[PDB]
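**Q** sequence plus experimental coordinates follow:
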Amino acid sequence: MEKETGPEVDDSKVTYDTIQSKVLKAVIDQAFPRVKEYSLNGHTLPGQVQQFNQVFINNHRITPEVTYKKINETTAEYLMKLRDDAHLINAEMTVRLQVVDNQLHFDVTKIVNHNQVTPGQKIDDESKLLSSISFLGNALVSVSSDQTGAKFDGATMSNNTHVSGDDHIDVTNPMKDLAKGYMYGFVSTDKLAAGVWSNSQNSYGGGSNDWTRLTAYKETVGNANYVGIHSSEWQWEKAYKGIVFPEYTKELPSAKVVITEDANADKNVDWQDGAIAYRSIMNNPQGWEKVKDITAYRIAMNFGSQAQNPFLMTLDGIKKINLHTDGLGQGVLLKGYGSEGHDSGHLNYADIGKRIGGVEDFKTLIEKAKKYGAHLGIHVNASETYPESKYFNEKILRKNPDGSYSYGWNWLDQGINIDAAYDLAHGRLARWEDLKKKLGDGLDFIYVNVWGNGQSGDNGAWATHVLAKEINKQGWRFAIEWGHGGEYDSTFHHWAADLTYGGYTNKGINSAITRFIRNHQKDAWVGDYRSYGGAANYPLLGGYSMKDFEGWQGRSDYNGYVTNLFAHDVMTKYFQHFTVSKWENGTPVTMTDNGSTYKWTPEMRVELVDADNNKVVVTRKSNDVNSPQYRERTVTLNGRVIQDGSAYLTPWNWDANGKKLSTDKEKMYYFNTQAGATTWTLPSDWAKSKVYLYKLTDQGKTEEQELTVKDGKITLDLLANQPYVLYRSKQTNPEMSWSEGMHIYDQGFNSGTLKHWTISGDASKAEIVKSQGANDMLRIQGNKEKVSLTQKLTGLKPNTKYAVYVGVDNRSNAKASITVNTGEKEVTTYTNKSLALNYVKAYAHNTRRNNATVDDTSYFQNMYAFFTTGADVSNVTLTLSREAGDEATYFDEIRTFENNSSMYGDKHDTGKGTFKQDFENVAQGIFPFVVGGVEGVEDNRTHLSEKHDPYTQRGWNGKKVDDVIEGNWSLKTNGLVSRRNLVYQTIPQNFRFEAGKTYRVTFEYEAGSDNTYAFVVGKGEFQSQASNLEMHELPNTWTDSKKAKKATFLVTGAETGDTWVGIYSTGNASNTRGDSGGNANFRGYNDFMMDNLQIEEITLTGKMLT
Ligand SMILES: CC(=O)N[C@H]1[C@@H](OC[C@H](N)C(=O)O)O[C@H](CO)[C@H](O)[C@@H]1O[C@@H]1O[C@H](CO)[C@H](O)[C@H](O)[C@H]1O
Ligand SMILES: [Ca+2]
Ligand SMILES: [Ca+2]
Ligand SMILES: [Ca+2]
Ligand SMILES: [Mn+2]
């Protein structure tokens, strides 16, 4: 390339003015809100040196008619009239330029559209809206190739660990052309650096073209090249299908420049100085301050009516983590907080799940969690819905150009995507307000799943900012699924924080510039995941690594959850208590992974600081990518080593909510991923103190040991992958009030003792033991006489109907029982040997080997008693018992909760009399059935279907069968045809067919096809050597009937007491009658629904005999 030239500047017809603070002067044009040049401490940066007196309004070029007024020494104002008759533009906007110390503020302070526009109302011609305002072509700041050290540095969105989103461009003549959007952008000389912020929600496209609030341009002026940073275009009045959006969707355009000398004392002026200064002018995502102290994120899952994780139970999980981390902060995402659980009832945000304890228990969870620094969030969806949801309506549904439904997710039911723009234009905001009204204060975050993938149409920067603003207005923090989503407002990105998702192209934001700026404000980054290479091969700042133990994707590994907190998250969060001040890259390395060999330039040293002038230095131990030292760092705090390679001894001076700890509560955490002794220098305020070490377990601080301090040092030679904590004085563990609000003490056997139970019989026969997943359970075995354990049920309401269950896995033939005595009445339920394996994937005691009870299996199933309190609730007792037997019974999870079922002779209490299940008052699950093994351990595709006429019922969109047969609820199975396996079955603890007695079993059913499902009678444990079943294939219920059919069967209990009945998915092909895809799923060809179950003990007489 040859040296470039462009027109010189003739300013003979220009009148300039100046506005200035004490430190910064800006020369501004009186004709147009343009800054020619900035001066600070005798140094200069150009602005827009060549006049460009045009703006673009709705993408039309306009020469504004401008009048000017200098308001005061720092502030000028411009009235800009905008007229273009041919394009129906008739408007005016007012702009102010204001110097605030070393900042320049550009604000559109008033906009008037002379066309008639009413937010929320019809507009007959959308071209009458004032929809976009662009000042592209007027740089807010620039640098010239004639200036020493002229450079531009900008960040774009990249989620590929191999590809940095950052550009670093020397501003030279000649240079390559530049006309490109950026999220962040800095220009600098060797004397001054500038950064630019804008609230513009412009996009130039997806990927690296998105979130492009700035635009950088090269312009050649005389003999110099300038690179200028412009705000990208701003949005204003918008509509969807002629309906103007609500007023709150309009945000007045704003941009700021900040200009700085050296800001990190390294005696160089570059983009890093700009980035430090940029923190004073940037938007900050709402709730960001909380992020640095949320050390323990995880998901607690409910799904398919099962109530795997009742709100009050999650509080016990929080207490376990509080003990095990010694008071680190927590963030629990409640996936399935609403309706029947995860992916039920979407859009009705206020519908808090009733079977997990409803709004009352959710409020209690939020309140009691505060003292543990545990913040709750919920999973919501703003992109698709199901017929059951109150908000399912034809008008909200997304249609394709050909008129067909845009079908969404199919799992429990077939959903349909919604049109998010229609939704915004028709009262979406009110749904968040309804949830806020019902739930009240204290919820931390809303996690909006799926948004950003286009299912509901436009989910880009503007639409996401609007959505985030609705959520933030209720006082909630915004969180999102995708690494690329919600760049402006999000504080958490699930695909950044769960390192296992999506592979190397779909992770967090791969930008040193962006991470420098915002590391402390969000978990949005690239964490350590060696097999992705590039930025993920041991990032020096770490990066959030999320695991779970409460059922999400079948995750149950508590111990691995805790070790991962300490292996990745403690130091990640430590760094978030400081701001990045310096970032030094090393030499490029060559890596090979994921099918390519590529160059990567790694960070080698990162420095951070806080408001107390503490200094943290993180250094990679080697730039050699093939050395073990590439994946090691040292960390110093004011020069003192706190991490070196596999071990750290890190101070922690913040309580679980982030508040500064008192001196006597200051501590240090030790963790080493390897065996071996390590030696550490103590800080001066520890060097002469006594020091005590504790091993951290689910019981809190254990194995107290005073350490020997020699020459101000300590040496630690402890277990690998085991957290420890150090203090300068002896510490104890607090009372945890286990299971508070649940009417019993320590329902999950987490307190390490049984002393709060009254034990009758030989107490040595009852012990707390760990499952194969380390889940503590009550075990009774080897007893020659009855052993019972009793507690009072406390805090009950008088004259109230209740259910109680205990999870039970009985490996003995001996009777294992749950008994409630109300003071006035006693009810009891028992099981002999358990015969049904547990297939509920989100449930902690399913039969997956790694959370098996014993012998690699789990037969845990909920064993219920139903009772009613009288006038006096001071002596209501719950007893677990086990008659004599050699083998073990395991019990875990005692849940007592209001319930209004009437299953026993039309009465509530466990008792004699005809059994009936109308499904209208189910405590949880699909009682008296339990899900079978048809899908193995799964988020089972059988659940309680909820009525919403007409959408859930025959005829809507050609639906062949009703989701709900009678009342508001039925038992629905979605699409589980041709599986040759058991869909669900009774178990004797839920309904016992007594030996030698005969029962009439009746129910109503829908079936979409002939002989796809069968009513079956079995006994003992089902094996798919296959078990004998009595098989009754069921015809479809709609080709020759306008409603569900009634079925009736006689069943005599086998002498072994283990008879059961159920529904089996046959080997027959279903018939979708020429329909396919979403239509076929929605219409119910492959479905089965049951309702109005009745089981009556009878004596065979007369014609019953035939
Ligand atoms: C990872 C995740 O959140 N997936 C949910 C997402 O799935 C679509 C893509 N595969 C993706 O974004 O990852 O959105 C759908 C709803 O449209 C589901 O919520 C996905 O989660 C899945 O939910 C089902 C139950 O519906 C099961 O629990 C799966 O285990 C779970 O991954
Ligand atoms: Ca510097
Ligand atoms: Ca337990
Ligand atoms: Ca019903
Ligand atoms: Mn449903």
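**A** In hand now; what should we look at? Numbers count the residues shown, from 1 in each chain. Ligands and ions are numbered 1, 2, ... in the order given.

**Q** could you use CA atoms for every contact and neighbour count after this?
**A** Fine.

**Q** past the helix or strand containing residue 479, which element shows up next along the chain?
**A** Using DSSP states H and E, residue 479 falls within strand 477-480. As assigned by DSSP H and E, the chain's next helix or strand after strand 477-480 is helix 494-497.

**Q** how far away from the center of its chain is that next one?
**A** The chain centroid and the centroid of helix 494-497 are separated by 9 Å under CA atoms, centre = their mean, to the nearest Å.

**Q** can you name every helix or strand that it contacts?
**A** Using 3 or more CA pairs under 8 Å, 6 or more residues apart in numbering; DSSP states H and E, no helix or strand is in contact with helix 494-497.

**Q** now the element after it, going C-ward?
**A** Counting by DSSP H and E, what follows helix 494-497 is helix 512-518.

**Q** what packs against that next one?
**A** So helix 512-518, by 3+ CA pairs under 8 Å, 6+ apart, packs with strand 151-155, helix 271-278, strand 579-585.

**Q** need those in TSV with distance to residue 235 and mean neighbour count, can you?
**A** Shown next, in TSV, are the helices and strands packed on helix 512-518 (distance: least, CA to CA, whole Å; neighbours: other CA atoms under 10 Å):
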stretch	distance to residue 235	mean neighbour count
strand 151-155	22	25
helix 271-278	23	26
strand 579-585	32	19
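
**Q** adding distance to residue 186, write the ones you listed out as a markdown table.
**A** Formatted as a markdown table, the helices and strands packed on helix 512-518 follow (distance: least, CA to CA, whole Å):
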| stretch | distance to residue 186 |
| --- | --- |
| strand 151-155 | 5 |
| helix 271-278 | 6 |
| strand 579-585 | 15 |
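
**Q** dump these to a markdown table, plus distance to ligand 4.
**A** Listed next are those as a markdown table, based on distance: least, CA to the ion, whole Å:
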| stretch | distance to ligand 4 |
| --- | --- |
| strand 151-155 | 57 |
| helix 271-278 | 60 |
| strand 579-585 | 58 |
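
**Q** tell me which of the ones you listed sits nearest to ligand 2.
**A** helix 271-278 (5.1 Å; CA to the ion).

**Q** send me that closest one as PDB with only the CA atoms.
**A** Coordinates of each C-alpha in helix 271-278 appear next as PDB, following Å, rounded to 0.1, in the frame of the first residue of the first chain:
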ATOM      1  CA  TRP A 271      -6.200   0.700  26.200                       C
ATOM      2  CA  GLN A 272      -5.800  -0.700  29.700                       C
ATOM      3  CA  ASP A 273      -5.800   2.800  31.200                       C
ATOM      4  CA  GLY A 274      -8.900   3.500  29.000                       C
ATOM      5  CA  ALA A 275     -10.600   0.400  30.400                       C
ATOM      6  CA  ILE A 276     -10.000   1.300  34.000                       C
ATOM      7  CA  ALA A 277     -11.400   4.800  33.400                       C
ATOM      8  CA  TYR A 278     -14.300   3.300  31.300                       C
END
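
**Q** show residues contacting it.
**A** 152-153, 186-188, 193-197, 258-264, 513, 516-517, 580-583 (CA atoms under 8 Å, 6 or more residues apart in numbering).

**Q** stretch 15-24 now?
**A** By CA under 8 Å, 6+ apart, the list of residues contacting stretch 15-24 reads 25-31, 38-41, 73-76, 98-103.

**Q** please redo it, this time with the cut-off set to 7 Å
**A** With contact meaning CA atoms under 7 Å, 6 or more residues apart in numbering, stretch 15-24 is reached by 25-30, 38-41, 73-75, 99-102.

**Q** select from those residues every entry located in helices.
**A** Assigned to helices by DSSP state H, none of the contacts of stretch 15-24 qualify.

**Q** just the buried ones from those residues?
**A** With neighbours counted by 16 or more other CA atoms under 10 Å, the contacts of stretch 15-24 contain buried members at 25-30, 38-40, 74-75, 99-100, 102.

**Q** ligand 4: which of those residues is nearest?
**A** Nearest member of these to ligand 4, counting by CA to the ion, is residue 100, at 67.0 Å.

**Q** got CSV for the helices and strands packed on helix 512-518, with distance to ligand 1 too?
**A** Shown next, in CSV, are the helices and strands packed on helix 512-518 (distance: least, CA to the nearest ligand atom, whole Å):
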stretch, distance to ligand 1
strand 151-155, 26
helix 271-278, 33
strand 579-585, 31
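
**Q** mind checking which of the ones you listed is nearest ligand 3?
**A** Judging those by CA to the ion, what sits closest to ligand 3 is strand 579-585, at 40.6 Å.

**Q** tell me the helix or strand right after the closest one.
**A** strand 589-593.

**Q** what lines up beside the following helix or strand past that next one in the sheet?
**A** On the C-terminal side of strand 589-593, the closest following helix or strand by DSSP H and E is strand 596-600. Partners of strand 596-600 in the sheet, by DSSP bridges, are strand 589-593 (antiparallel).

**Q** show residues contacting the partner strand.
**A** Strand 589-593 has contacts (CA under 7 Å, 6+ apart) with 531-533, 597-601, 625.

**Q** the stretch 501-650 of the chain: helices as residue ranges?
**A** 512-518, 558-564, 570-575 (DSSP state H, counting those that start in this stretch).

**Q** should've said the stretch 301-450 of the chain
**A** 311-324, 358-369, 420-425, 428-439.

**Q** and of the ones you listed, who's closest to ligand 2?
**A** helix 311-324 (40.9 Å).

**Q** output that closest one in CSV, but only the C-alpha positions, please.
**A** Taking C-alpha atoms only, helix 311-324 is exported to CSV below (Å, rounded to 0.1, in the frame of the first residue of the first chain):
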residue,chain,number,x,y,z
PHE,A,311,-38.9,-25.5,48.7
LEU,A,312,-38.3,-26.2,52.4
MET,A,313,-36.0,-29.1,51.5
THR,A,314,-33.8,-26.9,49.5
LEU,A,315,-33.2,-25.0,52.7
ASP,A,316,-31.6,-28.1,54.2
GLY,A,317,-29.3,-28.4,51.2
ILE,A,318,-28.3,-24.7,51.8
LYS,A,319,-27.4,-25.6,55.4
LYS,A,320,-25.2,-28.5,54.3
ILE,A,321,-23.3,-26.2,51.9
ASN,A,322,-23.1,-23.5,54.6
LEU,A,323,-21.4,-25.9,57.0
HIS,A,324,-19.1,-27.5,54.3
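
**Q** show me what that helix is packed against.
**A** helix 358-369 (3 or more CA pairs under 7 Å, 6 or more residues apart in numbering; DSSP states H and E).

**Q** summarise which helices and strands the helix it packs on is packed against.
**A** Right, helix 358-369 is packed against helix 311-324 by 3+ CA pairs under 7 Å, 6+ apart.
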